[PDB]
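Read through the structure below, which is laid out as structure tokens, and then see the notes.
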Protein chains: 4
Amino acid sequence: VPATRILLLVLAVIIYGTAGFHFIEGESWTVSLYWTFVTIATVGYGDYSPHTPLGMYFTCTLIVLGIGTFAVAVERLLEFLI
Amino acid sequence: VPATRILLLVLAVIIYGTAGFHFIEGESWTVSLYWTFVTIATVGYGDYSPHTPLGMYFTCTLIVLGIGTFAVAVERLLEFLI
Amino acid sequence: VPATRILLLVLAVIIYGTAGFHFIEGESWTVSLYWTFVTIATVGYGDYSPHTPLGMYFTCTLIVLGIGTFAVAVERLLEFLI
Amino acid sequence: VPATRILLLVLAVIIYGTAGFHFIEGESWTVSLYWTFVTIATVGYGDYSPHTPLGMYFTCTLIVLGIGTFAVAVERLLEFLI
Ligand SMILES: [K+]
Ligand SMILES: [K+]
Ligand SMILES: [K+]
Ligand SMILES: [K+]
């Protein structure tokens, strides 16, 4: 699958996660972007997490749509620097 | 392995994790479902976690039965949206 | 690699992690076993973590020796139930 | 890819992560090395995490550059002890 397509897909995931957390959980755009990366990479520090039922549902959706996409993106990126 | 079979398997994991956490740790059904996804995806925020020995044992079982199943499910889902 | 050999390897990792955490960080055997699974599975709730320099070094060693071993063990287990 | 090259790459990631956390977030060299492993392995206990915008940005960079590199390094190490 073309590396550039995978890039657009992960970017779309990042936008989805970031806007969602910002609007549902009320954290700043910067914190929301950070939380999105920490979540889809499966790091999960837990310094930020959803505190509402809608936020919990949303986070589950992001986990399902985002973890795989991020994993493929990382691996494709490996190919280019390595 | 047929994607729909993997779907049923991950659904069964999700039911197992959610009912187990709800009954053993006493959190709500919604929190327990959320915790199940957060656990089997290996995110592990830690906003929720078991506080009893039985809950700890149970969580180890869920980790072993669930992490692989979820990974395969994510990868199969990748195939279909992509 | 024979599935049973992988089983022995992950059991050895679990023993190493559990005894190490118990003796270095002073948590109970049960908590230490749970923490070991939570760590080598990469869940990392953070309800338990090392608070000493030796514990931090030890945890890095467990991460390096344990995460791959657990990953291979999970995948092999998948094959037998699936 | 030669295992020793992968070794150098992960060592470089570890240096990057450790110095970055130490200087941006102000934690000790030891805590910063520990946090780097905990992050690039995707464990993410959350006992340590960035509390500044620059730290958050930096952590996202380390996640992208480090998680893949660490995964390949673990897998190569598997080959040699096994
Ligand atoms: K993880
Ligand atoms: K994690
Ligand atoms: K975590
Ligand atoms: K955590």
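In what follows, every heavy atom counts, from backbone to side chain, and hydrogens, waters and symmetry copies are set aside. Order of the sequence lines fixes the chain letters, A, B, ..., with proteins taken first and strands second; residue numbering starts at 1 for each chain.
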Quiz item: For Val43(D), is it the side chain, the backbone, both or neither that has a heavy atom under 4.5 Å from a heavy atom of chain A?
Solution: backbone
Practice problem: Give, as side chain, backbone, both or neither, the part of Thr59(D) having an atom under 4.5 angstrom from any heavy atom of chain A. | Solution: side chain
Quiz item: Between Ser32(D) and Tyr48(D), does any side-chain donor sit less than 3.5 Å from a side-chain acceptor?
Solution: no
Quiz item: Does the side chain of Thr52(D) reach to within under 4.5 Å of the side chain of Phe58(D), using non-hydrogen atoms?
Solution: no
Exercise. Find out whether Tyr16(D) and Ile40(D) are in side-chain contact, i.e. whether some heavy atom of one side chain is under 4.5 Å from a heavy atom of the other.
Key: no
Quiz item: Side chain, backbone, both or neither: which part of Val74(A) has a non-hydrogen atom closer than 4.5 Å to chain D?
Solution: side chain
Quiz item: In terms of ring plane angle, is the pair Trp29(A) and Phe23(A) parallel, tilted or perpendicular, where the classes change at 30° and 60°?
Solution: perpendicular
Quiz item: Side chain, backbone, both or neither: which part of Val72(D) has a heavy atom under 4.5 Å from chain A?
Solution: side chain
